[PDB]
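Structure below is protein-v4.pdb: PDB, C-alpha atoms.
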ATOM      1  CA  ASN A 360     -19.317  -9.447  -2.636
ATOM      2  CA  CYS A 361     -18.830  -5.862  -1.387
ATOM      3  CA  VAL A 362     -17.167  -2.476  -1.186
ATOM      4  CA  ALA A 363     -14.747  -2.058   1.755
ATOM      5  CA  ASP A 364     -13.907   1.542   2.744
ATOM      6  CA  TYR A 365     -10.533   0.920   4.495
ATOM      7  CA  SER A 366     -10.213   4.706   5.187
ATOM      8  CA  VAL A 367     -12.947   4.281   7.912
ATOM      9  CA  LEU A 368     -10.813   1.608   9.619
ATOM     10  CA  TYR A 369      -7.410   3.313   9.220
ATOM     11  CA  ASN A 370      -8.673   6.767  10.468
ATOM     12  CA  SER A 371      -9.773   5.110  13.819
ATOM     13  CA  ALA A 372      -7.534   5.994  16.804
ATOM     14  CA  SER A 373      -8.837   2.873  18.678
ATOM     15  CA  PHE A 374      -6.109   0.766  16.988
ATOM     16  CA  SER A 375      -2.772   0.436  18.920
ATOM     17  CA  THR A 376      -1.253  -1.007  15.715
ATOM     18  CA  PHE A 377      -2.424  -0.897  12.028
ATOM     19  CA  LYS A 378       0.564  -2.589  10.328
ATOM     20  CA  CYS A 379       0.231  -3.445   6.602
ATOM     21  CA  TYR A 380       2.993  -5.671   5.197
ATOM     22  CA  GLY A 381       2.333  -6.854   1.607
ATOM     23  CA  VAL A 382       0.509  -3.565   0.767
ATOM     24  CA  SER A 383       0.792   0.054   2.037
ATOM     25  CA  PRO A 384      -2.397   1.153   3.865
ATOM     26  CA  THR A 385      -3.226   4.172   1.600
ATOM     27  CA  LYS A 386      -3.301   1.716  -1.365
ATOM     28  CA  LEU A 387      -6.149  -0.256   0.306
ATOM     29  CA  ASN A 388      -8.567   2.404  -1.130
ATOM     30  CA  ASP A 389      -7.023   1.970  -4.647
ATOM     31  CA  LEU A 390      -6.807  -1.882  -4.668
ATOM     32  CA  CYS A 391      -9.331  -4.715  -5.237
ATOM     33  CA  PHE A 392      -9.256  -8.343  -3.913
ATOM     34  CA  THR A 393     -10.670 -11.750  -5.051
ATOM     35  CA  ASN A 394     -11.052 -12.879  -1.393
ATOM     36  CA  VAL A 395     -10.532 -11.196   2.013
ATOM     37  CA  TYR A 396     -10.253 -13.141   5.246
ATOM     38  CA  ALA A 397     -10.492 -11.544   8.721
ATOM     39  CA  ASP A 398      -8.827 -13.620  11.463
ATOM     40  CA  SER A 399     -10.122 -12.739  14.977
ATOM     41  CA  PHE A 400      -8.848 -13.645  18.491
ATOM     42  CA  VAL A 401      -7.565 -12.374  21.893
ATOM     43  CA  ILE A 402      -3.975 -12.475  23.220
ATOM     44  CA  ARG A 403      -1.997 -10.683  25.934
ATOM     45  CA  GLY A 404      -0.543  -7.302  24.837
ATOM     46  CA  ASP A 405       3.119  -8.477  24.995
ATOM     47  CA  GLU A 406       2.313 -11.150  22.301
ATOM     48  CA  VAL A 407       1.153  -8.728  19.515
ATOM     49  CA  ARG A 408       4.788  -8.751  18.157
TER      50      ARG A 408
ATOM     51  CA  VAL B 952      18.905 -16.088 -37.280
ATOM     52  CA  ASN B 953      18.036 -18.691 -34.567
ATOM     53  CA  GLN B 954      20.655 -17.150 -32.203
ATOM     54  CA  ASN B 955      19.402 -13.597 -32.881
ATOM     55  CA  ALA B 956      15.900 -14.948 -31.975
ATOM     56  CA  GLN B 957      16.939 -16.836 -28.800
ATOM     57  CA  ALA B 958      18.687 -13.654 -27.589
ATOM     58  CA  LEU B 959      15.553 -11.464 -27.910
ATOM     59  CA  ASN B 960      13.218 -14.175 -26.644
ATOM     60  CA  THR B 961      15.386 -14.892 -23.535
ATOM     61  CA  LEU B 962      15.780 -11.098 -22.976
ATOM     62  CA  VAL B 963      11.926 -10.867 -22.899
ATOM     63  CA  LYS B 964      11.437 -14.005 -20.724
ATOM     64  CA  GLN B 965      13.647 -12.207 -18.135
ATOM     65  CA  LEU B 966      10.778  -9.689 -17.773
ATOM     66  CA  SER B 967       8.700 -12.571 -16.273
ATOM     67  CA  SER B 968      11.349 -13.111 -13.509
ATOM     68  CA  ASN B 969      10.952 -11.701  -9.979
ATOM     69  CA  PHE B 970      14.662 -11.547  -9.002
ATOM     70  CA  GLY B 971      13.191 -11.950  -5.444
ATOM     71  CA  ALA B 972      10.899  -8.847  -5.694
ATOM     72  CA  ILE B 973       7.234  -9.164  -4.537
ATOM     73  CA  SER B 974       6.101  -9.204  -8.225
ATOM     74  CA  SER B 975       7.561  -9.571 -11.760
ATOM     75  CA  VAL B 976       5.431  -6.553 -12.894
ATOM     76  CA  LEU B 977       6.432  -2.968 -12.045
ATOM     77  CA  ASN B 978       2.755  -1.823 -12.116
ATOM     78  CA  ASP B 979       1.893  -4.458  -9.423
ATOM     79  CA  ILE B 980       4.536  -2.987  -7.071
ATOM     80  CA  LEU B 981       3.343   0.567  -7.891
ATOM     81  CA  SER B 982      -0.322  -0.448  -7.211
ATOM     82  CA  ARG B 983       0.396  -2.357  -3.914
ATOM     83  CA  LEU B 984       3.068  -0.142  -2.230
ATOM     84  CA  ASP B 985       3.764   3.501  -1.310
ATOM     85  CA  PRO B 986       7.084   5.001  -2.522
ATOM     86  CA  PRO B 987       9.233   4.510   0.653
ATOM     87  CA  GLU B 988       8.749   0.690   0.313
ATOM     88  CA  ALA B 989       8.049   0.443  -3.470
ATOM     89  CA  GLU B 990      11.548   1.814  -4.243
ATOM     90  CA  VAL B 991      13.105  -1.130  -2.223
ATOM     91  CA  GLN B 992      11.327  -3.585  -4.533
ATOM     92  CA  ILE B 993      11.798  -1.660  -7.851
ATOM     93  CA  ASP B 994      15.539  -1.644  -7.145
ATOM     94  CA  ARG B 995      15.325  -5.453  -7.241
ATOM     95  CA  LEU B 996      13.787  -5.174 -10.748
ATOM     96  CA  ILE B 997      16.240  -2.463 -11.940
ATOM     97  CA  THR B 998      19.165  -4.574 -10.597
ATOM     98  CA  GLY B 999      17.872  -7.805 -12.235
ATOM     99  CA  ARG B1000      16.668  -6.230 -15.539
ATOM    100  CA  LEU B1001      19.833  -4.198 -15.963
TER     101      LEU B1001
ATOM    102  CA  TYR C 508      -5.643  -7.361  23.179
ATOM    103  CA  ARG C 509      -8.198  -8.009  20.450
ATOM    104  CA  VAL C 510      -6.375  -8.929  17.220
ATOM    105  CA  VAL C 511      -7.895  -8.684  13.737
ATOM    106  CA  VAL C 512      -5.705  -9.987  10.840
ATOM    107  CA  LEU C 513      -6.963  -8.901   7.412
ATOM    108  CA  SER C 514      -5.359 -11.497   5.089
ATOM    109  CA  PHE C 515      -5.722 -10.486   1.420
ATOM    110  CA  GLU C 516      -6.089 -12.704  -1.596
ATOM    111  CA  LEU C 517      -4.182 -10.650  -4.211
ATOM    112  CA  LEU C 518      -4.409 -13.797  -6.480
ATOM    113  CA  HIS C 519      -5.870 -13.477  -9.969
ATOM    114  CA  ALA C 520      -9.625 -14.188 -10.162
ATOM    115  CA  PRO C 521     -12.846 -12.056 -10.473
ATOM    116  CA  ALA C 522     -13.020  -8.826  -8.407
ATOM    117  CA  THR C 523     -14.954  -9.560  -5.202
ATOM    118  CA  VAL C 524     -13.929  -7.104  -2.391
ATOM    119  CA  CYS C 525     -13.366  -3.577  -3.703
ATOM    120  CA  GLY C 526     -11.956  -0.193  -2.766
ATOM    121  CA  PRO C 527     -14.232   2.915  -2.227
ATOM    122  CA  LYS C 528     -13.997   4.363  -5.812
ATOM    123  CA  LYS C 529     -16.471   5.249  -8.571
ATOM    124  CA  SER C 530     -15.879   3.581 -11.898
ATOM    125  CA  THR C 531     -16.231   5.561 -15.162
ATOM    126  CA  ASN C 532     -17.369   4.898 -18.767
ATOM    127  CA  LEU C 533     -15.073   2.767 -20.927
ATOM    128  CA  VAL C 534     -13.459   4.496 -23.976
ATOM    129  CA  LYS C 535     -12.513   2.331 -27.006
ATOM    130  CA  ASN C 536      -9.900   2.932 -29.777
ATOM    131  CA  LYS C 537      -8.146   5.974 -28.043
ATOM    132  CA  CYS C 538      -5.033   6.226 -25.810
ATOM    133  CA  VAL C 539      -6.093   6.272 -22.088
ATOM    134  CA  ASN C 540      -4.597   5.726 -18.657
ATOM    135  CA  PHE C 541      -6.595   2.837 -17.148
ATOM    136  CA  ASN C 542      -7.313   0.849 -14.011
ATOM    137  CA  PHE C 543      -9.334  -2.424 -14.026
ATOM    138  CA  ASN C 544      -9.737  -4.043 -10.527
ATOM    139  CA  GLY C 545      -6.426  -2.327  -9.454
ATOM    140  CA  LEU C 546      -4.679  -3.537 -12.700
ATOM    141  CA  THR C 547      -3.285  -0.062 -13.531
ATOM    142  CA  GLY C 548      -1.624   0.978 -16.793
ATOM    143  CA  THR C 549      -1.900   2.998 -20.032
ATOM    144  CA  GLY C 550      -3.153   1.829 -23.431
ATOM    145  CA  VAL C 551      -5.588   1.686 -26.357
ATOM    146  CA  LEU C 552      -8.642  -0.532 -25.637
ATOM    147  CA  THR C 553     -10.296  -2.553 -28.436
ATOM    148  CA  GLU C 554     -12.818  -5.383 -28.938
ATOM    149  CA  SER C 555     -10.868  -8.715 -28.924
ATOM    150  CA  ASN C 556     -11.522 -11.555 -31.428
TER     151      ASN C 556
ATOM    152  CA  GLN D 409       3.921   9.410  13.224
ATOM    153  CA  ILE D 410       7.016  11.692  13.667
ATOM    154  CA  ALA D 411       9.319   9.975  11.119
ATOM    155  CA  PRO D 412      10.086  10.307   7.314
ATOM    156  CA  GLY D 413       7.251   9.325   4.938
ATOM    157  CA  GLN D 414       4.611   8.449   7.628
ATOM    158  CA  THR D 415       0.748   8.599   7.443
ATOM    159  CA  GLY D 416      -1.800   9.355  10.230
ATOM    160  CA  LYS D 417      -3.614  12.420  11.724
ATOM    161  CA  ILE D 418      -0.429  14.431  12.344
ATOM    162  CA  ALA D 419       1.435  13.025   9.290
ATOM    163  CA  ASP D 420      -1.366  14.216   6.984
ATOM    164  CA  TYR D 421      -2.943  17.263   8.587
ATOM    165  CA  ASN D 422      -0.475  18.830  11.155
ATOM    166  CA  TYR D 423       3.277  17.935  10.625
ATOM    167  CA  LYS D 424       4.838  15.759   7.815
ATOM    168  CA  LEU D 425       8.450  14.815   7.025
ATOM    169  CA  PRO D 426      10.024  14.186   3.559
ATOM    170  CA  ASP D 427      10.616  10.442   2.715
ATOM    171  CA  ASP D 428      14.384  11.170   2.990
ATOM    172  CA  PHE D 429      14.428  13.464   6.070
ATOM    173  CA  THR D 430      18.007  14.256   7.310
ATOM    174  CA  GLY D 431      17.886  15.335  10.919
ATOM    175  CA  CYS D 432      16.865  13.994  14.291
ATOM    176  CA  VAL D 433      13.567  13.575  16.156
ATOM    177  CA  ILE D 434      13.952  14.274  19.871
ATOM    178  CA  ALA D 435      10.968  13.543  22.179
ATOM    179  CA  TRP D 436      10.245  13.317  25.931
ATOM    180  CA  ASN D 437       7.343  12.907  28.410
ATOM    181  CA  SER D 438       6.013  16.363  29.552
ATOM    182  CA  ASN D 439       3.019  15.200  31.709
ATOM    183  CA  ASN D 440       4.932  16.821  34.617
ATOM    184  CA  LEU D 441       4.689  20.324  32.934
ATOM    185  CA  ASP D 442       2.050  20.438  30.139
ATOM    186  CA  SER D 443      -0.866  18.435  31.731
ATOM    187  CA  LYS D 444      -3.509  20.369  33.799
ATOM    188  CA  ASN D 448      -4.823  20.901  29.712
ATOM    189  CA  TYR D 449      -6.755  21.444  26.445
ATOM    190  CA  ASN D 450      -4.751  24.356  24.847
ATOM    191  CA  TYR D 451      -2.894  21.639  22.767
ATOM    192  CA  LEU D 452      -4.910  21.757  19.492
ATOM    193  CA  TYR D 453      -4.542  19.318  16.540
ATOM    194  CA  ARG D 454      -6.618  18.197  13.503
TER     195      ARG D 454
END
Whole structure, structure tokens version:
Amino acid sequence: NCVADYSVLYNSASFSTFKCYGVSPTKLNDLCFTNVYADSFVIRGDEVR
Amino acid sequence: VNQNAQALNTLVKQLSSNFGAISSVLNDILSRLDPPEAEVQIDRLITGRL
Amino acid sequence: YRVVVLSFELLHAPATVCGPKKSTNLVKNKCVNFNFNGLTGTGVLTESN
Amino acid sequence: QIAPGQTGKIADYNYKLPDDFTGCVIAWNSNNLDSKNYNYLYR
């Protein structure tokens, strides 16, 4: 039920990776979704791959 | 006349096929992906449609 | 490492999470480029029966 | 960001390659020579 400005996220240098697979990240401002789910957890840095 | 119809109908049902691309619709690929990756997928469509 | 995974439902249903873009007024009965909900194309728009 | 067709702060605003770049990107650590330092400007 909202507007998601993905440019705010993608422009952040805090991210060590910002890897978009089934979409290209510039298109996130052009697209629309019927659901979005954020997953959220901690791992060791060698396990990000 | 039935064979000239089955030919055009089956030619158009092959627009619904993916050929293993991420979508059957060219505009979906061109909405979802930037050109460096979209061209990898559209070449699936041009290979399968041709 | 703090991991966020933004899973997207690209599946066909009503628009629910959207990109940071202004809509514009709909034109009927004339040739127009269009986008609805990221469904991009070109066409003539008319009242359906 | 120093590759063909990339996006990011350099790949938009400072240095961008064509999607079909022919050439080679050669890079090395220079902390031993360039660090002191704030004369290295970017957008």
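Picture a line from CA of residue 381 (chain A) to CA of residue 403 (chain A); it runs 25.0 Å.
Every residue that the ChimeraX specification (/B :<12) & /C selects in this file is listed here: residues 515, 517, 518, 519, 541, 542, 543, 544, 545, 546, 547, 548 and 549 of chain C.
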>> What are the residues of chain A lining chain C at 8 Å or less? Count all atoms listed in the file, and put the answer as a ChimeraX atom specification.
In response: /A:360-365,387-404,407
>> Taking all atoms listed in the file into account, find every residue of chain B that has an atom no more than 9 Å from chain A, and write it out as a ChimeraX atom specification.
In response: /B:973,980,982-985,988
Show me, as a PDB file with C-alpha atoms, keeping the file's coordinate frame, every residue of chain D with an atom at most 9 Å from chain B, counting all atoms listed in the file.
ATOM      1  CA  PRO D 412      10.086  10.307   7.314  1.00  0.00           C
ATOM      2  CA  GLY D 413       7.251   9.325   4.938  1.00  0.00           C
ATOM      3  CA  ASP D 427      10.616  10.442   2.715  1.00  0.00           C
ATOM      4  CA  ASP D 428      14.384  11.170   2.990  1.00  0.00           C
TER       5      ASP D 428
END
>> Residues of chain A within 12 Å of chain D, counting all atoms listed in the file, what are they? List them as a PyMOL selection string.
In response: chain A and resi 366+368-372+374+376-378+383-386
Taking the file as shown, find all residues satisfying the PyMOL selection byres ((chain B and resi 999) around 10) and write them as a PDB file with C-alpha atoms, keeping the file's coordinate frame.
ATOM      1  CA  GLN B 965      13.647 -12.207 -18.135  1.00  0.00           C
ATOM      2  CA  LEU B 966      10.778  -9.689 -17.773  1.00  0.00           C
ATOM      3  CA  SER B 968      11.349 -13.111 -13.509  1.00  0.00           C
ATOM      4  CA  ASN B 969      10.952 -11.701  -9.979  1.00  0.00           C
ATOM      5  CA  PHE B 970      14.662 -11.547  -9.002  1.00  0.00           C
ATOM      6  CA  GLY B 971      13.191 -11.950  -5.444  1.00  0.00           C
ATOM      7  CA  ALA B 972      10.899  -8.847  -5.694  1.00  0.00           C
ATOM      8  CA  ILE B 993      11.798  -1.660  -7.851  1.00  0.00           C
ATOM      9  CA  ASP B 994      15.539  -1.644  -7.145  1.00  0.00           C
ATOM     10  CA  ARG B 995      15.325  -5.453  -7.241  1.00  0.00           C
ATOM     11  CA  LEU B 996      13.787  -5.174 -10.748  1.00  0.00           C
ATOM     12  CA  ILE B 997      16.240  -2.463 -11.940  1.00  0.00           C
ATOM     13  CA  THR B 998      19.165  -4.574 -10.597  1.00  0.00           C
ATOM     14  CA  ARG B1000      16.668  -6.230 -15.539  1.00  0.00           C
ATOM     15  CA  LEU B1001      19.833  -4.198 -15.963  1.00  0.00           C
TER      16      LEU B1001
END
>> To test your reading of the syntax: which residues would the PyMOL selection byres ((chain D and resi 438-453) around 8) return for the file shown? Reply as a PyMOL selection string.
In response: chain D and resi 418+422+436-437+454
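One finds CA of residue 409 (chain D) at 13.8 Å from CA of residue 432 (chain D).
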> Quick one, how far is CA of residue 553 (chain C) from CA of residue 533 (chain C)?
Replying inline: 10.4 Å
Grab all the atoms of region 378-386 of chain A that the file lists, wrap them in a box along x, y and z, add 5 Å per side, and give me centre plus edge lengths in Å (one decimal) as AutoDock Vina command-line options.
--center_x -0.2 --center_y -1.3 --center_z 4.5 --size_x 16.3 --size_y 21.0 --size_z 21.7
